[PDB]
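Heads up: the protein sequence lines correspond to chains A and B, in order.
In terms of PDB author numbering, the first sequence is residues 258 to 515.
In terms of PDB author numbering, the second sequence is residues 706 to 710.
Yeah, the Cβ is synthetic: ideal placement off N, Cα and C, and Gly gets one too.
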Amino acid sequence: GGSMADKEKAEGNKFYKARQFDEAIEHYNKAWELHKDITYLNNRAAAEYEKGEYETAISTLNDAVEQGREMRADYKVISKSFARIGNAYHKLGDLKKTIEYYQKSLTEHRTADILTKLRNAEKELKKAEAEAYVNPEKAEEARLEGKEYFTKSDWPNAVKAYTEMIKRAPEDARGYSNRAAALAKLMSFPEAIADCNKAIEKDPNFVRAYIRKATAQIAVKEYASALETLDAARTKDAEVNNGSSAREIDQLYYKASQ
Amino acid sequence: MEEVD
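Okay, structure coming up:
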């Protein structure tokens, strides 16, 4: 039925809107029965999704695209199928397939949403994989590898080793200070400063990191800053270390005044 | 809610 099945659909939409999902679903099926058009299936999938039956929704939709292809259905509507699969997978917390099905939807028909939803799901995946990468024992293994390359003056490999440590333990200030040490040896000073800064936000009480920052600042003739960094360094050294690296601070203080 | 057509 032309106008006949469109009423069943419309009746579904009325029930769907009042959150009566099984009632919506049955009218969507009636619509399909009367007139083979995949819109009605996309709509049933919406009802299934809203019920929280995410597997049923994906099932309904996978079938919808297969039947839509056989029927040569409009590229937009099958793009919605793929898009809803993406949503359903995202509700299932399966980030791979949500991304895969967003790609599939954009391939069929590029829209603004879905492009935004893809970038958000990709963002969310990056964050997750990063949080999975974190490993205590792999971090300690990297810290040991770094010291080995550092003792053998292999700065480029030490940098890599210490980057693995930063990735394996993003909260350990030693990784940044250590990469900062190797970077300085390679005379990449602005980078050495930046790693020292992140080391100091990770551990405000980490003296060695203040000393590297200042040393690298002196090396790039940033004298005003070097003296400030050295003050901060001396304050935290009194508090934390009983001023046990004061002679080292002083030498750098003297060079930064000269 | 998801869009119905």
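Exercise for the section: Return the residue from the list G269/A, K274/A, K266/A, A396/A that minimises the CA-CA distance to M706/B. Expected result: Out of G269/A, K274/A, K266/A, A396/A, the CA that lies nearest to the CA of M706/B is found in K274/A.
Exercise for the section: Counting only the same chain and skipping the five closest in sequence on each side, list residues whose C-beta sits under 7 Å from that of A378/A. Expected result: So the list reads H347, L352, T355, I356, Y359, once near-sequence residues are dropped.
Practice task
For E268/A, return the contacting residues in chain B, with the cut-off set at a CB-CB distance below 8 Å.
Solution key: Simply none; closest approach about 12 Å.
Exercise for the section: Tell me where the alpha helix (DSSP H) around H347/A begins and ends. Expected result: It spans 332–348 - the alpha helix (DSSP H) in which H347/A sits, taken as one unbroken run.
Problem - Of the residues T486/A, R341/A, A490/A, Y510/A, the one placed nearest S362/A, counting alpha carbons only - result: The shortest Cα separation from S362/A among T486/A, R341/A, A490/A, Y510/A belongs to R341/A.
Practice task
Using 10 angstroms around the beta-carbon of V391/A, count the other beta-carbons present and answer buried if the total reaches 16, otherwise exposed.
Solution key: Exposed, because fewer than 16 other Cβ atoms sit within 10 Å of the Cβ of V391/A.
Practice task
Let me know the beta strand (DSSP E) ranges lying completely inside the region 480–515 of chain A, each 3 residues or longer, listed in chain order.
Solution key: If you keep only unbroken beta strand (DSSP E) runs of at least 3 residues inside the region 480–515 of chain A, you get nothing at all.
Handout entry: Residues, ordered as in the chain, of the region 343–358 of chain A that lie near chain B by beta-carbon distance below 8 Å
Key = Only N344 from the region 343–358 of chain A bring a Cβ to less than 8 Å from some Cβ of chain B.
Exercise for the section: Could you check which residue in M261/A, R436/A, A387/A has the C-alpha nearest to that of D411/A? Expected result: Comparing Cα positions, the closest option is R436/A.
Exercise for the section: Report buried or exposed for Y511/A, applying the criterion of at least 16 other Cβ atoms within 10 angstroms of its Cβ. Expected result: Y511/A counts as exposed, since fewer than 16 other beta carbons sit within 10 angstroms of its beta carbon.
Practice task
Compare the Cα-Cα distances from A415/A to each of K424/A, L401/A, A426/A and report the closest residue.
Solution key: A415/A has its Cα closest to that of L401/A, out of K424/A, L401/A, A426/A.
Exercise for the section: Evaluate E428/A with the Cβ neighbour count: other Cβ atoms within 10 Å of its Cβ, from every protein chain shown; 16 or more gives buried, anything less gives exposed. Expected result: Exposed, because fewer than 16 other Cβ atoms sit within 10 Å of the Cβ of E428/A.
Exercise for the section: Could you spell out the range, first to last residue, of the alpha helix (DSSP H) harbouring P447/A? Expected result: From DSSP, the alpha helix (DSSP H) with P447/A extends over 446–459.
Practice task
Use the C-beta contact count for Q515/A: other C-beta atoms within 10 angstroms, 16 or more gives buried, fewer gives exposed.
Solution key: It is exposed - the Cβ of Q515/A has fewer than 16 other Cβ atoms within 10 Å.
Exercise for the section: Identify the contact partners of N319/A in chain B, using a Cβ-Cβ distance below 7 Å as the criterion. Expected result: By Cβ distance, chain B contributes nothing, its closest Cβ being about 17 Å from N319/A, past 7 Å.
Exercise for the section: Could you work out which residues of chain B lie near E307/A, taking near to mean beta carbons separated by less than 8 Å? Expected result: Result: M706, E707.
Practice task
With a threshold of 16 other CB atoms inside 10 Å of the CB of residue 229/A, please say whether the residue is buried or exposed.
Solution key: There is no way to answer for residue 229/A, as the model of chain A reaches only from 258 to 515.
Exercise for the section: Quick one: measure Cβ to Cβ for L291/A and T317/A, integer angstroms, because I've assumed they're closer than 8 Å. Expected result: Contact between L291/A and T317/A does not hold, since the beta-carbon distance rounds to 18 Å and is not under 8 Å.
Practice task
State the DSSP-derived secondary structure class of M706/B, mapped to helix, strand or coil.
Solution key: Three-state DSSP puts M706/B in coil, outside helix and strand.
Exercise for the section: Show which residues of chain B have a CB atom less than 8 Å away from the CB atom of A303/A. Expected result: Ordered by position in chain B, the residues that pass the 8 Å Cβ test against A303/A are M706, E707, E708, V709.
Problem - Whole-angstrom distance between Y311/A and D452/A, CA atom to CA atom - result: C-alpha separation (whole angstroms): 44 Å.
Exercise for the section: Would you verify that the beta carbon of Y419/A is, or is not, closer than 8 Å to some beta carbon of chain B? Expected result: Output row for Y419/A: interface = no.
Practice task
Please report how far the alpha carbon of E394/A lies from the alpha carbon of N300/A, in whole angstroms.
Solution key: Near 50 Å, if we compare the C-alpha coordinates of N300/A and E394/A.
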